[PDB]
file model_34.txt (compact mmCIF, C-alpha atoms and all ligand atoms)
# COMPACT_ATOMS: atom_id res chain seq x y z
CA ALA A 1 -17.25 -34.09 -17.43
CA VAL A 2 -18.49 -33.09 -13.96
CA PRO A 3 -17.96 -29.38 -13.10
CA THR A 4 -15.68 -28.43 -10.16
CA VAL A 5 -16.46 -25.63 -7.78
CA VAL A 6 -13.64 -23.67 -6.19
CA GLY A 7 -14.16 -21.55 -3.11
CA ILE A 8 -11.74 -18.72 -2.42
CA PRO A 9 -11.48 -17.52 1.18
CA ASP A 10 -12.40 -13.94 2.06
CA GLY A 11 -9.66 -11.45 2.74
CA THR A 12 -8.93 -8.33 4.70
CA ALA A 13 -7.06 -5.11 3.92
CA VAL A 14 -6.25 -1.91 5.81
CA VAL A 15 -6.26 1.66 4.49
CA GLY A 16 -2.73 2.76 3.73
CA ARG A 17 -1.25 -0.76 3.83
CA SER A 18 -0.22 -3.04 0.97
CA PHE A 19 -2.50 -5.92 0.09
CA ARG A 20 -1.39 -9.10 -1.69
CA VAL A 21 -3.03 -12.47 -2.23
CA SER A 22 -2.45 -15.42 -4.55
CA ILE A 23 -5.42 -16.58 -6.64
CA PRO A 24 -5.67 -20.34 -7.38
CA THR A 25 -6.05 -20.02 -11.16
CA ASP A 26 -4.72 -23.51 -11.80
CA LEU A 27 -7.74 -24.92 -9.95
CA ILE A 28 -10.24 -22.62 -11.68
CA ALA A 29 -8.95 -22.75 -15.25
CA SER A 30 -8.67 -26.06 -17.04
CA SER A 31 -5.83 -25.97 -19.58
CA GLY A 32 -6.20 -23.24 -22.21
CA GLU A 33 -8.94 -21.24 -20.46
CA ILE A 34 -8.94 -17.48 -20.06
CA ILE A 35 -8.96 -16.02 -16.55
CA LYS A 36 -10.76 -12.78 -15.73
CA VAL A 37 -10.52 -11.03 -12.35
CA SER A 38 -12.92 -8.15 -11.68
CA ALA A 39 -15.22 -6.52 -9.21
CA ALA A 40 -18.30 -8.78 -9.10
CA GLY A 41 -20.80 -7.74 -11.76
CA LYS A 42 -18.30 -5.37 -13.45
CA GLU A 43 -15.50 -5.66 -16.01
CA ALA A 44 -12.95 -3.69 -14.00
CA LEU A 45 -11.38 -4.24 -10.61
CA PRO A 46 -11.96 -1.78 -7.79
CA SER A 47 -9.69 1.25 -8.20
CA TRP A 48 -7.31 0.11 -5.44
CA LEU A 49 -6.53 -3.31 -6.93
CA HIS A 50 -4.36 -4.72 -9.70
CA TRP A 51 -4.33 -8.24 -11.20
CA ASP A 52 -1.04 -9.82 -12.30
CA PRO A 53 -2.05 -12.73 -14.55
CA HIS A 54 1.43 -14.21 -14.80
CA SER A 55 2.21 -14.36 -11.07
CA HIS A 56 -1.47 -15.00 -10.21
CA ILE A 57 -1.31 -12.15 -7.65
CA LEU A 58 -4.08 -9.72 -6.77
CA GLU A 59 -2.45 -6.72 -5.10
CA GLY A 60 -3.33 -3.23 -4.05
CA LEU A 61 -3.11 -0.27 -1.69
CA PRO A 62 -6.47 1.09 -0.44
CA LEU A 63 -7.31 4.70 0.30
CA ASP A 64 -9.88 5.87 2.89
CA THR A 65 -12.44 6.07 0.09
CA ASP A 66 -12.01 2.31 -0.42
CA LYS A 67 -13.22 1.37 3.09
CA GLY A 68 -15.80 -1.44 3.14
CA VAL A 69 -16.45 -4.77 1.42
CA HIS A 70 -15.37 -5.51 -2.14
CA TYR A 71 -16.71 -8.53 -3.96
CA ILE A 72 -14.27 -9.98 -6.48
CA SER A 73 -15.10 -12.42 -9.27
CA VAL A 74 -12.56 -14.87 -10.66
CA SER A 75 -13.90 -16.50 -13.83
CA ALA A 76 -12.60 -18.87 -16.50
CA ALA A 77 -13.77 -18.75 -20.10
CA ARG A 78 -13.22 -20.81 -23.22
CA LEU A 79 -12.26 -18.97 -26.39
CA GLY A 80 -14.64 -20.10 -29.12
CA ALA A 81 -13.70 -20.71 -32.78
CA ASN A 82 -15.45 -17.41 -33.48
CA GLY A 83 -13.48 -15.51 -30.85
CA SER A 84 -16.31 -15.41 -28.33
CA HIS A 85 -15.59 -15.82 -24.62
CA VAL A 86 -17.76 -18.63 -23.32
CA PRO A 87 -17.89 -18.47 -19.48
CA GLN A 88 -17.15 -21.84 -17.85
CA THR A 89 -17.02 -21.08 -14.13
CA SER A 90 -16.92 -18.26 -11.60
CA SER A 91 -15.69 -18.01 -8.05
CA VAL A 92 -16.52 -14.96 -5.90
CA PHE A 93 -14.96 -13.86 -2.63
CA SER A 94 -14.82 -10.60 -0.76
CA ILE A 95 -12.16 -8.32 0.72
CA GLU A 96 -13.03 -6.05 3.63
CA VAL A 97 -10.99 -2.86 3.82
CA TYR A 98 -10.65 -1.64 7.37
CA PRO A 99 -9.91 1.98 8.27
CA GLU A 100 -6.94 1.86 10.67
CA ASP A 101 -3.58 0.20 11.11
CA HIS A 102 -2.80 2.15 14.29
CA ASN A 103 0.80 2.58 13.09
CA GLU A 104 1.39 -1.07 14.02
CA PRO A 105 2.98 -3.49 11.50
CA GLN A 106 0.93 -6.44 12.82
CA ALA A 107 3.55 -4.75 19.68
CA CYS A 108 3.73 -1.47 21.65
CA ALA A 109 2.17 -1.41 25.10
CA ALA A 110 -1.23 0.28 25.31
CA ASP A 111 0.54 2.67 27.71
CA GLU A 112 3.04 3.59 25.02
CA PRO A 113 3.18 6.00 22.10
CA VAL A 114 4.48 4.61 18.84
CA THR A 115 7.63 6.24 17.43
CA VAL A 116 7.02 6.79 13.74
CA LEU A 117 9.30 8.01 10.95
CA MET A 118 7.34 9.85 8.25
CA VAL A 119 8.48 10.97 4.82
CA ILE A 120 6.41 13.66 3.10
CA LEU A 121 6.28 13.33 -0.70
CA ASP A 122 5.05 15.65 -3.44
CA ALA A 123 2.56 13.14 -4.81
CA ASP A 124 -1.17 12.55 -5.12
CA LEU A 125 -2.14 8.92 -4.36
CA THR A 126 -5.56 9.45 -5.97
CA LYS A 127 -3.77 10.13 -9.31
CA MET A 128 -1.67 6.97 -8.97
CA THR A 129 -2.56 3.46 -10.07
CA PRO A 130 -2.49 0.59 -7.55
CA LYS A 131 0.72 -0.68 -9.08
CA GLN A 132 2.29 2.81 -8.80
CA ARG A 133 1.30 2.94 -5.11
CA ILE A 134 2.91 -0.44 -4.42
CA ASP A 135 6.03 0.43 -6.48
CA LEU A 136 6.53 3.57 -4.40
CA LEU A 137 6.48 1.49 -1.19
CA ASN A 138 8.85 -1.02 -2.84
CA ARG A 139 11.32 1.77 -3.69
CA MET A 140 11.35 3.07 -0.12
CA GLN A 141 12.62 -0.26 1.28
CA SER A 142 16.34 0.60 0.69
CA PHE A 143 15.94 3.59 3.04
CA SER A 144 13.50 2.33 5.66
CA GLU A 145 14.91 -1.21 6.00
CA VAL A 146 11.28 -2.17 6.60
CA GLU A 147 9.45 -4.61 4.36
CA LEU A 148 6.86 -3.32 1.88
CA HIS A 149 3.92 -4.66 3.90
CA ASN A 150 5.01 -2.86 7.08
CA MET A 151 5.05 0.67 5.70
CA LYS A 152 2.02 2.96 5.52
CA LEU A 153 1.09 5.25 2.62
CA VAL A 154 -1.75 7.80 2.87
CA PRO A 155 -2.68 11.27 1.61
CA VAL A 156 -1.88 14.54 3.30
CA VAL A 157 -4.97 15.89 4.99
CA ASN A 158 -5.97 19.52 5.45
CA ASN A 159 -2.85 20.53 3.55
CA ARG A 160 -0.45 20.04 6.45
CA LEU A 161 3.11 19.34 5.27
CA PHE A 162 4.70 19.23 8.71
CA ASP A 163 4.23 17.89 12.24
CA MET A 164 5.04 20.37 15.02
CA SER A 165 5.28 17.52 17.58
CA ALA A 166 8.28 15.94 15.76
CA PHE A 167 11.47 15.86 17.85
CA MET A 168 13.73 15.12 14.85
CA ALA A 169 13.26 16.23 11.26
CA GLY A 170 14.97 17.40 8.13
CA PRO A 171 14.59 18.65 4.64
CA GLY A 172 14.11 16.92 1.34
CA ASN A 173 14.94 18.06 -2.17
CA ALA A 174 11.69 19.81 -3.09
CA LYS A 175 11.47 23.61 -3.18
CA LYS A 176 7.84 23.75 -4.25
CA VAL A 177 4.97 21.38 -3.47
CA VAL A 178 2.71 21.03 -6.48
CA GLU A 179 0.44 18.10 -5.47
CA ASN A 180 -1.65 17.51 -2.39
CA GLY A 181 1.09 15.36 -0.88
CA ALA A 182 1.54 11.87 0.49
CA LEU A 183 2.74 10.52 3.80
CA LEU A 184 4.91 7.38 3.77
CA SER A 185 5.66 6.16 7.28
CA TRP A 186 6.89 3.27 9.41
CA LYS A 187 7.42 2.30 13.04
CA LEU A 188 10.82 2.78 14.68
CA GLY A 189 9.89 1.59 18.14
CA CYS A 190 7.94 2.40 21.29
CA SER A 191 8.20 5.74 23.14
CA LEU A 192 11.70 6.43 21.79
CA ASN A 193 13.48 9.74 22.13
CA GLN A 194 16.36 11.29 20.30
CA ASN A 195 18.92 9.20 22.17
CA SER A 196 17.18 5.84 21.55
CA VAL A 197 16.23 6.31 17.89
CA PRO A 198 18.26 4.13 15.51
CA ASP A 199 20.75 5.50 13.01
CA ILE A 200 18.70 7.54 10.51
CA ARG A 201 21.53 8.90 8.33
CA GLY A 202 20.39 6.48 5.62
CA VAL A 203 17.12 8.44 5.46
CA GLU A 204 18.23 12.01 6.24
CA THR A 205 21.20 12.18 3.85
CA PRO A 206 19.57 10.79 0.71
CA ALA A 207 16.46 12.86 1.46
CA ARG A 208 18.40 16.15 1.49
CA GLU A 209 20.77 15.26 -1.40
CA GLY A 210 18.05 14.15 -3.85
CA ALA A 211 19.09 10.49 -3.97
CA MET A 212 15.90 9.46 -2.19
CA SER A 213 13.62 11.31 -4.64
CA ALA A 214 15.61 9.92 -7.61
CA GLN A 215 14.92 6.39 -6.36
CA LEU A 216 11.28 6.89 -5.29
CA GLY A 217 10.20 8.78 -8.40
CA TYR A 218 8.64 11.67 -6.47
CA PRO A 219 9.99 14.82 -4.83
CA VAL A 220 10.72 14.54 -1.12
CA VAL A 221 9.38 17.48 0.94
CA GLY A 222 10.93 16.38 4.24
CA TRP A 223 11.06 13.72 6.92
CA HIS A 224 10.26 13.71 10.62
CA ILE A 225 10.13 11.48 13.67
CA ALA A 226 7.31 11.80 16.18
CA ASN A 227 5.56 9.81 18.91
CA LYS A 228 1.94 9.05 18.15
CA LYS A 229 -0.88 8.26 20.61
CA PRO A 230 -1.64 4.55 20.93
CA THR A 231 -4.84 3.38 19.21
CL CL B 1 -5.31 6.92 8.14
call {"tool": "encode", "arguments": {"input": "model_34.txt", "output": "structure tokens", "more": "lines below"}}
Ligand SMILES: [Cl-]
result
Amino acid sequence: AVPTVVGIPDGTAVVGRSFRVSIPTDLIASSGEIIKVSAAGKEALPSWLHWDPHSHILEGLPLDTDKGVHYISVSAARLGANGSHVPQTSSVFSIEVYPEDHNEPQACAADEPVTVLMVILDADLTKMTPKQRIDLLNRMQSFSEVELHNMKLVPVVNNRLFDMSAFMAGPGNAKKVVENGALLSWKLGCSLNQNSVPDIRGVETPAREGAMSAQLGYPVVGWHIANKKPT
């Protein structure tokens, strides 16, 4: 037998945006071999990533503290008669986490503020696993009508649970805010105003009635729509 070498291409991620890539385990593991996916030189993955061994998906949602380059090892091992894991091969690639998505899914003119809908949640992303972060985005899709990968999810900063610049807004179900808070947002369009915003009853009504929080799994503090400086 002559060993095969598999190269995996490097990836990119953006703070506050879902990350998902397929790992070619069928090329790396000959039949009956055990796959391990970890940070290079460690047993665990970085805190922002999760490995699904049955779908062969590496997925995550980075925070600002995850900015920079993450080396990931994908290795295959033979289980010995004595239960030992005998390493057979390893493939290492990196993922660079960038700081800013500029509220753009990818489309607005550089002359143009982005109209963003934001939902404020009583949650702490730093207390949530990567899978919990992704599941929260998944559960917002019924309300946003935006795909998982086009929503943004970041912590509240400097304890601000409101945006005075918002030209539309409304309440959620929460009466108290126990955690630091999280901001889950998406783009509605470019330099919109109240008359050109789409129908948002599908956000505002479930938010106030508690149906949104019951689906998301976290209390909803409120929602607002504001135009944000282009970047
Ligand atoms: Cl940010």
call {"tool": "residues_near_ligand", "arguments": {"input": "model_34.txt", "ligand": "ligand CL 1 (chain B)", "cutoff": "7 Å", "atoms": "all atoms listed in the file", "output": "VMD selection string"}}
result
chain A and resid 15 to 16 99 to 100 154
call {"tool": "write_last_selection", "arguments": {"input": "model_34.txt", "atoms": "C-alpha atoms", "output": "mmCIF file, keeping the file's coordinate frame"}}
result
data_model
loop_
_atom_site.group_PDB
_atom_site.id
_atom_site.type_symbol
_atom_site.label_atom_id
_atom_site.label_comp_id
_atom_site.auth_asym_id
_atom_site.auth_seq_id
_atom_site.Cartn_x
_atom_site.Cartn_y
_atom_site.Cartn_z
ATOM 1 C CA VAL A 15 -6.260 1.660 4.490
ATOM 2 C CA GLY A 16 -2.730 2.760 3.730
ATOM 3 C CA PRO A 99 -9.910 1.980 8.270
ATOM 4 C CA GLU A 100 -6.940 1.860 10.670
ATOM 5 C CA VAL A 154 -1.750 7.800 2.870
#
call {"tool": "closest_atom_pairs", "arguments": {"input": "model_34.txt", "of": "region 135-167 of chain A", "to": "region 103-123 of chain A", "cutoff": "9 Å", "atoms": "only C-alpha atoms", "output": "CSV"}}
result
residue,atom,partner,partner_atom,distance
A:144,CA,A:117,CA,8.8
A:149,CA,A:105,CA,7.7
A:150,CA,A:105,CA,4.9
A:151,CA,A:105,CA,7.4
A:152,CA,A:103,CA,7.7
A:155,CA,A:123,CA,8.5
A:156,CA,A:120,CA,8.3
A:161,CA,A:120,CA,6.9
A:162,CA,A:120,CA,8.1
call {"tool": "residues_around", "arguments": {"input": "model_34.txt", "residues": "region 69-82 of chain A", "least_positions_apart": "2", "cutoff": "8 Å", "atoms": "all atoms listed in the file", "output": "list in words"}}
result
residues 28, 29, 32, 33, 34, 35, 36, 37, 38, 39, 40, 41, 45, 46, 67, 84, 85, 86, 87, 88, 89, 90, 91, 92, 93, 94, 95, 96 and 97 of chain A
call {"tool": "closest_residue", "arguments": {"input": "model_34.txt", "among": "A:167, A:186, A:218, A:143", "to": "residue 204 (chain A)", "atoms": "all atoms listed in the file"}}
result
A:143
call {"tool": "closest_residue", "arguments": {"input": "model_34.txt", "among": "A:26, A:52, A:101, A:43", "to": "residue 64 (chain A)", "atoms": "all atoms listed in the file"}}
result
A:101
call {"tool": "closest_residue", "arguments": {"input": "model_34.txt", "among": "A:222, A:83, A:181, A:172", "to": "residue 127 (chain A)", "atoms": "only C-alpha atoms"}}
result
A:181
call {"tool": "residues_near_point", "arguments": {"input": "model_34.txt", "point": "(17.6, 7.2, -1.2)", "cutoff": "7 Å", "atoms": "only C-alpha atoms", "output": "mmCIF file with C-alpha atoms, keeping the file's coordinate frame"}}
result
data_model
loop_
_atom_site.group_PDB
_atom_site.id
_atom_site.type_symbol
_atom_site.label_atom_id
_atom_site.label_comp_id
_atom_site.auth_asym_id
_atom_site.auth_seq_id
_atom_site.Cartn_x
_atom_site.Cartn_y
_atom_site.Cartn_z
ATOM 1 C CA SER A 142 16.340 0.600 0.690
ATOM 2 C CA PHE A 143 15.940 3.590 3.040
ATOM 3 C CA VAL A 203 17.120 8.440 5.460
ATOM 4 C CA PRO A 206 19.570 10.790 0.710
ATOM 5 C CA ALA A 207 16.460 12.860 1.460
ATOM 6 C CA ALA A 211 19.090 10.490 -3.970
ATOM 7 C CA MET A 212 15.900 9.460 -2.190
ATOM 8 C CA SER A 213 13.620 11.310 -4.640
ATOM 9 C CA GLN A 215 14.920 6.390 -6.360
#
call {"tool": "atom_distance", "arguments": {"input": "model_34.txt", "atom1": "CA of residue 133 (chain A)", "atom2": "CA of residue 61 (chain A)"}}
result
6.4 Å
call {"tool": "closest_residue", "arguments": {"input": "model_34.txt", "among": "A:175, A:63, A:17, A:131", "to": "residue 147 (chain A)", "atoms": "all atoms listed in the file"}}
result
A:17
call {"tool": "closest_residue", "arguments": {"input": "model_34.txt", "among": "A:158, A:231, A:196, A:185", "to": "residue 136 (chain A)", "atoms": "all atoms listed in the file"}}
result
A:185
call {"tool": "closest_residue", "arguments": {"input": "model_34.txt", "among": "A:65, A:48, A:140, A:130", "to": "residue 216 (chain A)", "atoms": "all atoms listed in the file"}}
result
A:140
call {"tool": "atom_distance", "arguments": {"input": "model_34.txt", "atom1": "CA of residue 160 (chain A)", "atom2": "CA of residue 47 (chain A)"}}
result
25.6 Å
call {"tool": "atom_distance", "arguments": {"input": "model_34.txt", "atom1": "CA of residue 221 (chain A)", "atom2": "CA of residue 183 (chain A)"}}
result
10.0 Å
call {"tool": "build_atoms", "arguments": {"input": "model_34.txt", "residues": "region 200-217 of chain A", "atoms": "N, CA and C atoms", "output": "PDB file, in the coordinates of the input"}}
result
ATOM      1  N   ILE A 200      19.581   7.142  11.608  1.00  0.00           N
ATOM      2  CA  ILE A 200      18.700   7.540  10.510  1.00  0.00           C
ATOM      3  C   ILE A 200      19.435   8.295   9.403  1.00  0.00           C
ATOM      4  N   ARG A 201      20.763   8.225   9.383  1.00  0.00           N
ATOM      5  CA  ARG A 201      21.530   8.900   8.330  1.00  0.00           C
ATOM      6  C   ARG A 201      21.171   8.383   6.947  1.00  0.00           C
ATOM      7  N   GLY A 202      20.783   7.109   6.875  1.00  0.00           N
ATOM      8  CA  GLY A 202      20.390   6.480   5.620  1.00  0.00           C
ATOM      9  C   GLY A 202      19.054   6.973   5.066  1.00  0.00           C
ATOM     10  N   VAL A 203      18.296   7.696   5.895  1.00  0.00           N
ATOM     11  CA  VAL A 203      17.120   8.440   5.460  1.00  0.00           C
ATOM     12  C   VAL A 203      17.452   9.930   5.224  1.00  0.00           C
ATOM     13  N   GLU A 204      18.059  10.565   6.228  1.00  0.00           N
ATOM     14  CA  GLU A 204      18.230  12.010   6.240  1.00  0.00           C
ATOM     15  C   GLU A 204      19.159  12.465   5.099  1.00  0.00           C
ATOM     16  N   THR A 205      20.232  11.719   4.837  1.00  0.00           N
ATOM     17  CA  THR A 205      21.200  12.180   3.850  1.00  0.00           C
ATOM     18  C   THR A 205      20.662  12.033   2.418  1.00  0.00           C
ATOM     19  N   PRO A 206      20.141  10.848   2.052  1.00  0.00           N
ATOM     20  CA  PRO A 206      19.570  10.790   0.710  1.00  0.00           C
ATOM     21  C   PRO A 206      18.349  11.709   0.503  1.00  0.00           C
ATOM     22  N   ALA A 207      17.568  11.941   1.558  1.00  0.00           N
ATOM     23  CA  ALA A 207      16.460  12.860   1.460  1.00  0.00           C
ATOM     24  C   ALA A 207      16.952  14.263   1.053  1.00  0.00           C
ATOM     25  N   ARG A 208      17.943  14.781   1.762  1.00  0.00           N
ATOM     26  CA  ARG A 208      18.400  16.150   1.490  1.00  0.00           C
ATOM     27  C   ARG A 208      19.166  16.254   0.169  1.00  0.00           C
ATOM     28  N   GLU A 209      19.901  15.203  -0.206  1.00  0.00           N
ATOM     29  CA  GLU A 209      20.770  15.260  -1.400  1.00  0.00           C
ATOM     30  C   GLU A 209      20.033  15.006  -2.724  1.00  0.00           C
ATOM     31  N   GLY A 210      18.816  14.465  -2.663  1.00  0.00           N
ATOM     32  CA  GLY A 210      18.050  14.150  -3.850  1.00  0.00           C
ATOM     33  C   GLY A 210      18.131  12.706  -4.288  1.00  0.00           C
ATOM     34  N   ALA A 211      18.977  11.910  -3.630  1.00  0.00           N
ATOM     35  CA  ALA A 211      19.090  10.490  -3.970  1.00  0.00           C
ATOM     36  C   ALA A 211      17.815   9.731  -3.605  1.00  0.00           C
ATOM     37  N   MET A 212      17.139  10.135  -2.534  1.00  0.00           N
ATOM     38  CA  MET A 212      15.900   9.460  -2.190  1.00  0.00           C
ATOM     39  C   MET A 212      14.849   9.717  -3.276  1.00  0.00           C
ATOM     40  N   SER A 213      14.627  10.983  -3.615  1.00  0.00           N
ATOM     41  CA  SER A 213      13.620  11.310  -4.640  1.00  0.00           C
ATOM     42  C   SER A 213      13.954  10.624  -5.963  1.00  0.00           C
ATOM     43  N   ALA A 214      15.232  10.574  -6.344  1.00  0.00           N
ATOM     44  CA  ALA A 214      15.610   9.920  -7.610  1.00  0.00           C
ATOM     45  C   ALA A 214      15.229   8.432  -7.593  1.00  0.00           C
ATOM     46  N   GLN A 215      15.282   7.788  -6.429  1.00  0.00           N
ATOM     47  CA  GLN A 215      14.920   6.390  -6.360  1.00  0.00           C
ATOM     48  C   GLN A 215      13.410   6.204  -6.279  1.00  0.00           C
ATOM     49  N   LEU A 216      12.728   7.052  -5.495  1.00  0.00           N
ATOM     50  CA  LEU A 216      11.280   6.890  -5.290  1.00  0.00           C
ATOM     51  C   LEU A 216      10.476   7.250  -6.530  1.00  0.00           C
ATOM     52  N   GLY A 217      10.938   8.263  -7.260  1.00  0.00           N
ATOM     53  CA  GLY A 217      10.200   8.780  -8.400  1.00  0.00           C
ATOM     54  C   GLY A 217       9.298   9.968  -8.102  1.00  0.00           C
TER      55      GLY A 217
END
